[PDB]
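Read through the structure below, which is laid out as structure tokens, and then see the notes.
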Amino acid sequence: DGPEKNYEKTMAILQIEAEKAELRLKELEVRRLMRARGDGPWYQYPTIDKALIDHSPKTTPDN
Amino acid sequence: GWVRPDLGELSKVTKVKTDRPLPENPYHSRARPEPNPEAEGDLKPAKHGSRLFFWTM
């Protein structure tokens with residue numbers, strides 16, 4: 001075939017790989033920040049559910 | 001003229017009419033920390049697949 005086919009195929013491939021590399025760097029940074037802080041959906045370790053607490057008079061005023 | 005309460009009367013739960021204001025925060029609790037963002041949206045296919053080494057899908 002002609003050179004334009006290989007030229008444009010290489011251009012598309014280069015775009016795909018560059019986007020993938022940038023996405024991988026962003027993923028690593030996001031993971032590091034998320035584990036360090038814990039304010040995102042990832043790395044949310046469970047805590048005690050508050051629906052288990054009994055809110056009723058307890059035979060003693062001071063709980 | 002006192003009538004002795006019958007069985008099952010002194011153990012009743014009753015209502016009290018008082019003018020003492022209801023305490024607004026008897027536990028002396030602090031302010032609850034802000035919850036997580038819990039973002040929402042519509043799912044889209046992963047950008048360029050798994051992006052795991054040489055796998056293109």
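As shown in the structure tokens, the chain order sets the letters A, B, ...; within each chain, residues go from 1, and ligands are also counted from 1 in the order they appear.
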Practice problem: Restrict the distance test to only C-alpha atoms, flag each residue of chain A within 8 Å of chain B, and return the flagged residues as a list in words. | Solution: residues 16, 20, 24, 39, 40 and 41 of chain A
Practice problem: Go ahead and compute the interatomic distance for atom CA of residue 13 of chain B and atom CA of residue 60 of chain A, in Å to one decimal. | Solution: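 We find that atom CA of residue 13 of chain B and atom CA of residue 60 of chain A lie 16.0 Å from each other.
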